[PDB]
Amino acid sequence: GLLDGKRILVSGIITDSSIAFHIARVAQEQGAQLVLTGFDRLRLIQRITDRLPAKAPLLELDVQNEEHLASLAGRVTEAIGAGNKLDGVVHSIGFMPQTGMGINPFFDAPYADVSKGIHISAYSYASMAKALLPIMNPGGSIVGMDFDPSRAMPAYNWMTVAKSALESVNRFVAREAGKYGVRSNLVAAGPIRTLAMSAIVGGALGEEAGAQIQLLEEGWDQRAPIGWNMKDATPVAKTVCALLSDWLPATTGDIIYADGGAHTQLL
């Protein structure tokens, strides 16, 4: 397999439609040994991850909790065994309060809400790298999930701003990770119909926002020279595994686009 013998931490599983569930599944099909991290609903996450090809230890991780971050490396070492280190880390964590996305005017998002969204979606990429680089092997790889924020778009609003901050954070994380012989990169995915995105398209954050995201999804598939299937996270999961492998060894502080090539076409 592509990831034979590799020990990889995967964060971000919440439902069977989480991009991280598909990253974890593909990594296990490719021979990786996983450690999973989950936020808040651990009973649910364990029941979800019981469907993965192989059993994997699940550790609690709230990226806003300094105690969870400070104990993380020790908890991972206990799970993978003393003397063993991680070869890979997957950050698949994103959050923005409802005031920062959808029909709520861009100017009406309170800073406490924007700040919480940037903490979870951008700053935590650095918090995770800080916690785990001391237990990572040379040749290792840290991968985060991105949504191309180079241009503004309707409805995504402050989540796009958080992704711009994440892209910048990734370039700095690469400088630090390089000292350990570790790569840091993001995968910029096309839109995926997770449970939350299906709810948003269905109008959970207002009708106009849902209508705008549905048009954006259609336009994405139209622009993509190879098409874009929003119901299929497998091409995104494969791309993350490519970055976790030894096959992109000179790429760091960078962004790989798993978007059907849509960002390279105007119409």
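Numbers follow the displayed sequence, beginning with 1. We call the rigid core whatever largest set of C-alpha positions still superposes within 1.5 Å between the two forms.
Participant: Compare 227-235 with 214-222 and report which one shows the larger root mean square C-alpha deviation from this form in 7 other deposited structures of this protein once the rigid core is superposed.
Facilitator: Of 227-235 and 214-222, the stretch deviating more in 7 other deposited structures of this protein is 214-222.
Participant: Per the entry, where is the mean C-alpha temperature factor higher: 234-242 or 62-70?
Facilitator: Comparing 234-242 with 62-70, the higher mean C-alpha B-factor belongs to 62-70.
Participant: Using the B-factors recorded in the PDB entry, average over the C-alpha atoms of 37-45 and of 224-232, then report which stretch comes out higher.
Facilitator: Result of the comparison: 37-45.
Participant: Please work out which residue in 149, 94, 144, 81 has the highest C-alpha B-factor recorded for this crystal structure.
Facilitator: The record points to 81.
Participant: Splitting the chain's C-alpha B-factors into thirds, which one does residue 190 fall into?
Facilitator: Residue 190: CA B-factor falls in the lowest third of its chain.
Participant: Lowest, middle or highest third: which one holds residue 167 when the chain's residues are ordered by CA B-factor from the entry?
Facilitator: Lowest third.
Participant: Based on the entry's values, in what third of the chain does the Cα temperature factor of residue 262 lie: lowest, middle or highest?
Facilitator: Residue 262: CA B-factor falls in the lowest third of its chain.
Participant: Would you mind checking where the Cα B-factor of residue 99 ranks among the modelled residues of its chain, as the lowest, middle or highest third?
Facilitator: Within its chain, residue 99 is a middle-third residue by C-alpha B-factor, going by the deposited values.
Participant: Split the chain's modelled residues into thirds by Cα B-factor; is residue 112 in the lowest, middle or highest one?
Facilitator: CA B-factor rank for residue 112: highest third.
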